[PDB]
Amino acid sequence: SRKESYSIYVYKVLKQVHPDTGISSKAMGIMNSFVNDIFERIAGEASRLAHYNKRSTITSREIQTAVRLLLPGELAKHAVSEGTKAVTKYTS
Amino acid sequence: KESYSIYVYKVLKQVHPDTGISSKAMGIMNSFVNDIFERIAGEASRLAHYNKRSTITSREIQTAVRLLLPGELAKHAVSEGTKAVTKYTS
Amino acid sequence: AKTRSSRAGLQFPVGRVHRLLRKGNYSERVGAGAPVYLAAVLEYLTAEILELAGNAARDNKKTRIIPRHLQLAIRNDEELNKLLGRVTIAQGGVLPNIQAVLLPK
Amino acid sequence: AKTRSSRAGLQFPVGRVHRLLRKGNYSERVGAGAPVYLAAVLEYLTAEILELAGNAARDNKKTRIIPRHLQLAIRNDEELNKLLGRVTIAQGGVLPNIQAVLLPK
Amino acid sequence: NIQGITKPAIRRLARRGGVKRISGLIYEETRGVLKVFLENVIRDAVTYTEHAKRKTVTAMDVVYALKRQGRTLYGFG
Amino acid sequence: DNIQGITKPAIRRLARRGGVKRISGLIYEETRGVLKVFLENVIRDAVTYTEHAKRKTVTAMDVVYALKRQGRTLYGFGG
Amino acid sequence: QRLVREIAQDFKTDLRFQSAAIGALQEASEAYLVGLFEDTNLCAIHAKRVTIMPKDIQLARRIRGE
Amino acid sequence: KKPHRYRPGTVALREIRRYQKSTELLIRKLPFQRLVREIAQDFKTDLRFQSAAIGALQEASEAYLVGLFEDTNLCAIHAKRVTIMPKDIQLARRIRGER
DNA sequence: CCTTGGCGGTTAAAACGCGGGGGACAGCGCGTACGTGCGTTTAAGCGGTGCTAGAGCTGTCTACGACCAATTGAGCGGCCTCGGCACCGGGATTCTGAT
DNA sequence: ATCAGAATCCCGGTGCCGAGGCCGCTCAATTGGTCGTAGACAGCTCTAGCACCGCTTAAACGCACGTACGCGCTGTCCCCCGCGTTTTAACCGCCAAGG
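Conventions used here
Residues numbered from 1 in each chain as written, not as in the entry; some residues may be left out. Chains lettered and ligands numbered in written order. Part of a larger assembly, values for the part shown. Heavy atoms only, no water. Helix = DSSP H or I, 4+ residues; strand = E, 2+ residues; numbered from the N terminus. Rg over C-alpha atoms; globule rule 2.2 N^0.38 Å. Buried < 20%, exposed > 50% of the residue type's maximum accessible area, 1.4 Å probe, protein only. Contact = heavy atoms within 4.5 Å. Areas by Shrake-Rupley, 256 points an atom, 1.4 Å probe, with all protein chains shown as cover. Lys, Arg positive; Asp, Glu negative; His and termini not counted. Charge placed at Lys NZ, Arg CZ, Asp CG, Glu CD. Expected span 1.5 Å × (residues − 1). Polar contact = N/O pair within 3.5 Å; in protein donor to acceptor, adjacent residues only side chain to side chain. Near = heavy atom within 4 Å. Nonpolar A, V, L, I, M, F, W, Y, C, P; charged D, E, K, R; others polar. Buried area = accessible area lost by both parts, 1.4 Å probe. Salt bridge = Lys/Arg side-chain N within 4 Å of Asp/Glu carboxyl O. 1 Å grid on protein atoms, 1.4 Å probe; cavity = no way out; pocket = protein on both sides within 12 Å on 5 of 7 lines; lining within 4 Å. Points joined across faces, edges and corners; volume = space filled by probe spheres on them.

Method of determination, as given in the entry header: cryo-EM; reported resolution: 3.2 Å.

Put into C-alpha cells, the structure is as follows:
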C-alpha cells in the first residue's frame, strides 16, 4: 500500500533555501497540506476559466490567469515569473 | 443561450396559477438554479473523488444535498429526489 | 415517445441536467438516477421560493413577483436565509428592521 | 532518462502534476505547458514559505522547522497571511499580541 | 472621482442599513472602504476580461469576480 | 454531560491565548454553548462523509473535508 | 461609472464596459456598503452610542476579516 | 511582613504572554475525546475514530475559540471595557455571520 | 501458598471563600457639530445626432495532445545512527510592591 | 527615591528518541510511436460602445443657528482577582477474603 506525497520535493526546496535546516514530520505534513490546497485552488479556477470560455483544454494560460486571481500582488507576479520561465525553458 | 425560465414558469403556475413574474425576478431565479446546481454537482464530484469512484450517482447527489442544505429543506429535498427517482424507475 | 421529466413527474428538464452533469467536468461517468434526483431537488427548492414570493406578491397587491418579493420571501425564512446567506439579490433591498434603542421614545 | 522536471529546471514533479490534472476531472484535455507552469508555481510558493519559516527557526536558535515557525512565517507576512486567511496551522499557536489598553497604566 | 460619491448618497446607504445618526468623519472613511472594495472586484473582473482576450468588461466577468470573493450576485446572468 | 469537561481554567487558557485579560463569570457557559454548536456542525458533516464511504470509522480526512466545506481549512492531517 | 472606469484604468488600459457590468458593480457595491453599515451600527450600539463613527466601521471590518 | 500578592491583572498579563508564546493544546485530551464521541454518538451509533481525527477536531476547535476570543476582546475594548462578556461574544459571532 | 477484591496513599488539576482594590455605571456639567432650514447654483438626466472598435461568427489549416505499447530508476518501504534540546540542578537579573 | 522578595533568564548536563541517512524492490514516471479533433490564424460584419450637444430642474453646495449628544470630571458599590483552603478525579498499593 504505497502512499505518494510531496515530501521529497519540499525537502529538496528546503535544502535549496536553507542548506543547514531540517523540518519536523508534522511541519512536513503541513507543507503537504499546503501544496495540495493550492493545487486544488489553481486547478479548480483554471477549470472554471476553461469552461467559461467554451474551451476543452486547460493550458498554461488558464493556469496563469488562475494564479493571478488567487494570489495577492507581488506573490502573484513572482509566481507568474517562475511559471512562465519554467514553461519557456521546458519547450525549448 | 439557455436558461431555466420556462421550467421556473411552469412551477410558478403550479404553485400560483394566477401569478406572474418580472424579467429581473426571473433572472434572479435563473441565477439561483444555476448556483444550487453548481453547489450540489461540485460537492457530489468531490464525494466521488474522495471515494475513488468515477461515477456520480443519485447517492452522491443525496449526500451532497445533506451536506449543503439546512434541516427541513434537506429532508424534503431528499424526499423529493428519492421519490422522483423511484417514479422515473417504475 | 415520453420525456425523462414526464416519467419522473418533474417540470425541470432531466435531459438537460444530465447533459450539464456530463459536460460539467464533474466525473468521468454519470448515473441514470443522478439527473432525475438533482432536477427534483432544484424543482423543489424553486417551488418553495416561488410559493413564499408569490405570497409576498399577493400581499403587495401585485400579480407579478419582483426581486423585492424574492428578497422578502428568502430573508423571512430561516432555512432559505441560511442557504443563501452569502447571496446578493439585485433590487431586493433589505428587510425593514430598526434597532429598538433607536426608537425616539 | 531526462525528465520533464529536469527540462523545466524544477524540483517539483511535472509528470505527477500532469497525472493529477488528468485524473482530477478539471478539463477534457490538458496542455503540455500547464503542469510545468503549475509545478513551478507550487514549487515557488513552497520556497517562499520555507524561506520565511527557516528564518523564524533560526531566530529561535533552532535548526529544525516546526509548525510554530510556519505560523510565524505566514502571519508575519502580509501576502501569505492573505493567501492563507482561512487556513488553520495545527500546533501553530498565535502571534504574540497584547492590546495596548490592557497594559498597566 | 471618489468625491463623486456624495455625502447624501452615503447617508441614504446608511439609512438603508438602519443608521439613525452619523459622524462627520464617516463619509471619507466610507469612500476609502468603497474604493478598496471596487479595486478588489474590478481587478479580478478585468483579469477574466483579459483571459477571454476581450477589451470589454461583461456583466459575467463581474459576476465571476464577485463569486470568487464570496460575494455572489443574483440577477445579471 | 461531557461539555462540562471543558473546564473554566481551560477556557481561561484559550482566552489568554486570544489575548483576554479579564473574564466575566458568565463567559464559560456561553463558550460551552458556542463550542458545542461548532462541534455539532463539523462532526455532523464528518459523519456524513463517513456514512457516504460506508465506513464505521471517522477518519482524519473526513474531518478535514468537513472543515474545508465549512470554510475552516485545516493543515497537517492529510498524512 | 466615472469612479469604476477610473479604478479600472489602473489595472488594464483602453477598457470598455457593458452597461450591465457597471450596473452589477453598483448593485454589489451598494449591497456591501449597506450590510457594512448594519454591522457598523451594531458596533456603535454596542458602545452605547446611536452615532456611527469610523471606529465602528473599522471594528466591523476587522471582525469580518477585511 | 504580609505575604507577597500580585495585583489583579499582573498574573493575567503573564498568562497571556505565556500562552501566546506556546502552541500546546489548552483543552484536556481525554475530556475533549469524550465530548466528541458523545456528540458523534448522537448522529451515528457505534462509531469509531482514528486518533488523528479527534486530534484534528481539537486543533480546529481550539484555533476557532482562540480567534473568537480575539474578536470578543476587541468588542469588549470597543465598549471601553477590559472584561469580555456574552454581549461581546454575541456581537463578534453576529458580525462573523455565525448568527 | 496462590488468586482476586476492597479502602488508603499520593499526584495532579480544579471550585469556595475572604479580603480587596479598582472599574463600569450613573450623574453633573461643559462644549461644539450638525440637523433643519433657507438662499443660490449647476451637472446628472432626457433626448437626440453622429462616428466607429472590435467580438460574434465563419471559414481554413494544423499540430500538440489523447491513446497505446515498451523501458527503467528514483520513489517508497523498512531499518540504523547519533546530536538538539526539554527538562533538571543552580546562580545571576529584574520587576514589584510597600515604605 | 529604596530595599526585600519571588518570578525570570541564563550556565552545565544529559541521554534519548525521532529525523537524517541508507539499503533493498517496482511501479509509476519516461520514451517512442501513431490518430485526430479541438486549437491556432485570417476575414465580414454590424452591434453595441463611445464622442458631442440642447433643454430641464432637483439634487448639490454655501451659510444661520441652537441644542442635544459627545466628552471631561466625580461618587459609588459591586464584581471579578490573588492566594489559602479544601475539593475531586486518577494510578497505584497492600492486606483481607476465599479456595
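For chain H, the helix and strand inventory stands at four helices and two strands. Listed by position from the N terminus, the elements making up chain H come as α-α-β-α-β-α. Whereas a compact globule of 99 residues would reach a radius of gyration of roughly 13 Å, chain H reaches 18 Å, over 25% beyond that. Across the 99 residues of chain H, 54% fall into the buried class. For chain H, the share of sequence-separated contacts (at least 6 apart) that also reach a separation of at least 24 residues comes to 42%. Of the roughly 5400 Å² that chain H leaves accessible, carbon and sulfur atoms contribute 49%. The centroid of the 21 positive side-chain charges in chain H is displaced by 10 Å from the centroid of its 11 negative side-chain charges.

Right, let's talk about the arrangement of the chains for a bit. Here chain A and chain B are not in contact; the least distance found between their C-alpha atoms is 11 Å. You won't find any contact between chain A and chain G; their C-alpha atoms come no closer than 12 Å.

Right, let's talk about helix α3 (residues 51–78) of chain H for a bit. All names here are of chain H. Between its first and last C-alpha atoms α3 spans 41 Å; for 28 residues at 1.5 Å apiece the expected length is 40 Å, and the two agree. For α3, a buried count of 22 out of 28 residues is recorded, marking the element as mostly surrounded by other parts of the structure. The first or second residue beyond α3 is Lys 80, which carries a positive phi of 60°.

Moving on: the side chain of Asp 56 of chain G. Considering the arrangement of structural elements, one finds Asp 56 of chain G in helix α3 (residues 54–64). A relative accessible area of 0% means that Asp 56 of chain G is categorised as buried. Within polar-contact distance, the side chain of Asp 56 of chain G engages the side chain of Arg 49 of chain G at 2.9 Å. For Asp 56 of chain G, the contacting residues outside a window of four places in its chain are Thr 40, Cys 43, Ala 44, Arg 49 and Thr 51 of chain G together with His 78 of chain H.

The next point concerns the protein's contact with DNA strand I. In the vicinity of DNA strand I, 35 residues are found, and the nearest of them are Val 30 and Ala 32 of chain D, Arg 2 and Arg 16 of chain G together with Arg 5 of chain H. Within the contact set of DNA strand I, a phosphate oxygen lies 3.3 Å away from a backbone nitrogen or oxygen of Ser 1 of chain A. Here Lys 80 of chain H contributes a backbone N or O atom positioned 3.2 Å from a phosphate oxygen of DNA strand I. Those elements giving two or more residues to the surface near DNA strand I turn out to be α1 (7–17) of chain A, β1 (29–30) of chain D together with α1 (8–17) of chain F. Looking at the surface near DNA strand I element by element, the count peaks at three residues for α1 of chain A. In the surface near DNA strand I, the residues fall into eight nonpolar, seven polar and 20 charged.

Right, let's get into the interface of chain B and chain C. At the interface, 56 residues of chain B touch 53 residues of chain C. Summed over both sides, the interface between chain B and chain C buries roughly 4900 Å², with carbon and sulfur atoms accounting for 71% of that surface. Taken as a group, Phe 37, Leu 73 and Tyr 88 of chain B account for 14% of the area that chain B buries against chain C, more than any other trio of residues on that side. Where chain B touches chain C, the interface holds two salt bridges.

With that settled, consider empty space enclosed by the protein. Going through the model one piece at a time under the given rule, you end up with one cavity of 30 Å³ or more. Around the largest cavity, the lining residues are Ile 30, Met 31 and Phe 34 of chain A, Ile 49, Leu 70, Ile 74, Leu 84 and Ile 89 of chain D together with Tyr 75 of chain F. Elements with a minimum of two residues in the lining of the largest cavity: α2 (25–52) of chain A together with α4 (67–75) of chain D. The element contributing the most residues to the lining of the largest cavity is α2 of chain A, with three residues.

Near DNA strand J there are 42 residues, and of these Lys 2, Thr 3, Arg 7 and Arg 19 of chain D together with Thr 51 of chain G occur at the shortest range. Restricting the count to atoms of DNA strand J within 4 Å of the protein gives a sugar and phosphate share of 95%. Measuring from a phosphate oxygen of DNA strand J, one finds a backbone N or O atom of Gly 9 of chain H at 3.2 Å. For the surface near DNA strand J, a count of residues per class yields ten nonpolar, 13 polar and 19 charged.

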